[PDB]
Ligand SMILES: *CC(=O)N[C@@H](CO)c1cccc(Cl)c1
Ligand SMILES: *CC(=O)N[C@@H](CO)c1cccc(Cl)c1
């Protein structure tokens, strides 16, 4: 027993990290097969970031301007192309450490692990959620650009995120591995509004189930609610509306604990209206929404 | 910016995980050079755990009874010895993936990453602290025995913990890599008291500094305190007494922020006496003590 904010083992991703330098800018790249992927702003100087014309800036670069180093060894760049906000540098050597992988575009509310890197070197790994407003609340310093987010299913790494920037509010924005931003963001040094965020209701419910499984049950009550009634409360507290699709994915947790989804909704409704009254759930004094129902099942069943 | 409960990249440790089976019991082992380390209770059946005589149980085992598999390949066991609560199985092949490593016995209040494993396969990684009472609050299911805790300094992995058991209270106990338990615990299926735990004061202060660095400053006040006065408050709230050694290790954070350690103590004193008043600090509604001053400096400076 016990329930932690667990990240995937990062080894398979560590083997893909490289450093990419272009001019005086250095950031991280992801070396999979014979291609290195990195944020296209590696071609910018500080003055370029105000309003970069990436097509013109990239035209001034040749293959030999992209310096790619995998730890201590240098990669030879034989091609370069821009796809959306990512640069793809074709190298003459396939990464011998390339794991089985896929590129996926995750949905808001889904979770993933981030391998924070600097200068091509891994510093740490943490789990986070893609907020409903397509930002992430990560831990990224200058030079963390190019660090990636991923999930792992047995031997396959599904890369879902590449870090690009920090908004003036301190939250983070990035792209899928095809270089498409999550959210309305553009790779430019301009103030940009992130939408109104909400709490991921299905994840809070999943975490309440994890709490019951692991022994924290004080919040269980004698009440029930309906999807309609619960959604009036969810609206008032800036929670995502719960749908039958969310109830369906909570089914395994409802079956394991014997607590009907709408009964757990009534516990969550009471917690929203009354707070925790100085108590904690799974070591938290707030309602946690960074665990999906799948994360709860995986951790509670020991999936490797 | 941003501050997360970050674990070390687990790759170097993943390469050392093996499965160890003896009779009908299977758990994890750590393969470093030509030795595999694992909890000695791998030699017990369920009936043995009530009061095991490990010396007698181990006498019934020979090298060929210890089945060690590193992923898909089998290791040949050429020796076995018990050291405290760990078994050391000498194998005929040195682990080609052995990183530079050390065995360290950590102090209470220090932090480390755990690579949760099942059947020799890594499932996840998380950061935690060794509680002042020598327990850890981890996420461990049956078969997680043998999973290890570690810290990494550039290329060196310092292994500090090997998982052995879950107390009836749901907290976890284990040993250093020489098989000495942290705390008063014995490897037996008997109810065992963990001491009164306390909150790691120096870590809470370090985390308050991380909050100021990352923009959360609402808790800063116009007050100061003394070590003596603060320690009266620490005693009342079951916090560890603060010493000048703790003030000394907070020095870099005090210098960076310009907030004297005793001034931060007065903020912590006010938070203990008044609570958070429905506010949060670094996404938490309670006072976090799983970040050491070194963790805060490392994360705030991007150490790889
Ligand atoms: C990773 C990062 O923050 N990069 C910096 C440039 O170093 C940046 C600023 C503004 C926008 C973008 Cl896309 C990146
Ligand atoms: C890892 C674990 O919990 N092991 C179990 C036996 O499978 C155990 C029970 C009681 C004491 C000890 Cl040391 C281990």
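Following Swiss-Prot, chain B residues are numbered 3264-3567, in order.
Recorded method is X-ray crystallography, 1.5 Å.
Cβ atoms are placed via backbone N, Cα and C, with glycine included.
Taking B:3275, B:3353, B:3532 one by one, Swiss-Prot attaches ubiquitin cross-link to B:3353. Among the recorded positions B:3268, B:3304, B:3353, B:3408, the ones whose Cβ sits under 6 Å from an atom of ligand 2 are, in sequence order, B:3304, B:3408. Taking the recorded positions B:3268, B:3304, B:3353 in turn, the residue surrounded by the fewest other Cβ atoms inside 10 Å of its Cβ turns out to be B:3353.
Taking 8 Å as the upper bound (exclusive) on CB-CB distance to chain A, the recorded positions B:3268, B:3304, B:3353 give B:3268 in sequence order. Ranking the recorded positions B:3268, B:3304, B:3353 by the distance of their Cα atoms from the Cα of residue B:3408 (active site, nucleophile) places B:3304 first. Note: the CA-CA distance between residue B:3304 (active site, for 3CL-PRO activity) and residue B:3353 (ubiquitin cross-link) rounds to 17 Å. Distance between Cα atoms for residue B:3268 (ubiquitin cross-link) and residue B:3353 (ubiquitin cross-link): 36 Å, as a whole number. The number of other Cβ atoms within 10 Å of the Cβ belonging to residue B:3408 (active site, nucleophile), over all protein chains shown, comes to 26. Under DSSP, residue B:3353 (ubiquitin cross-link) is assigned to a strand (E or B) in the three-state scheme.
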